[PDB]
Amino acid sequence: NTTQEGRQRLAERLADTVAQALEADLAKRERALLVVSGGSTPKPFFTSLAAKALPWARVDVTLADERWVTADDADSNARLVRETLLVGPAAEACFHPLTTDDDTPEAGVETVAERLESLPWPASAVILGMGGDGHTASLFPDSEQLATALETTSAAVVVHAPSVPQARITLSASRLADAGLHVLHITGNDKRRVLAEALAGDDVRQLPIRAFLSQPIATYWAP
């Protein structure tokens, strides 16, 4: 596809940007931090970034959000990252999952927050996605936990929403904001339309991606 070529090329340019963001941090600090998002859109970005000759041993990688499922579950964000990003040179990166062996996120969240606080914040880069409903990470407009996620200084927050089929853990808005580079990576026309509506207003509860659109951000979009 000319569509597929455009998305591939966009992802390669994004991988350049992120690799350089990491190198710039690694020139000043012992360790650097990369926060990524799941879904299908990041795949070519992960593959391109994974192949970069970078001091990956000094890079910590974690997720913007996660589903409360095992690491080998089809719906696991960690699985996608392991299979796509942590290969070749990037296999030397240290990945930090957002789960524990507790059967509920409520039981595991303190342990996860504790683990996140130990990483080298501010992140060199935070790579976000956006859903058709304007959500980002696991900040959902229909979640009763959204207000807490948008306001707390805690690193991670448990999230439930009628519109998603499993329980979630999200990094808080405050935590996700603590980065030198933010990227929103989205493709397709519907997401262009929703982003337009997001940019046009300021009510974060309505379209949570707005929490990041009022601060410096690079949006990478392709048809």
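The first residue of the shown sequence is 1; numbering continues from there.
Comparing 25-33 with 40-48, the higher mean C-alpha B-factor in the PDB entry belongs to 25-33.
When the two stretches 157-165 and 189-197 are set side by side, the higher mean Cα temperature factor goes to 157-165. Of the candidates 106, 72, 114, 101, the one whose C-alpha carries the top B factor in the deposited record is 72. Per-chain ranking of the deposited C-alpha B factor places residue 215 in the lowest third. Looking at the C-alpha B-factors along this chain, the one for residue 173 belongs to the highest third. Sort the chain's modelled residues by C-alpha temperature factor and residue 126 lands in the lowest third, per the entry. Residue 54: CA B factor in the highest third of modelled residues in this chain (values from the PDB entry).
Annotation for residue 13: CA B-factor lies in the lowest third of the chain's modelled residues.
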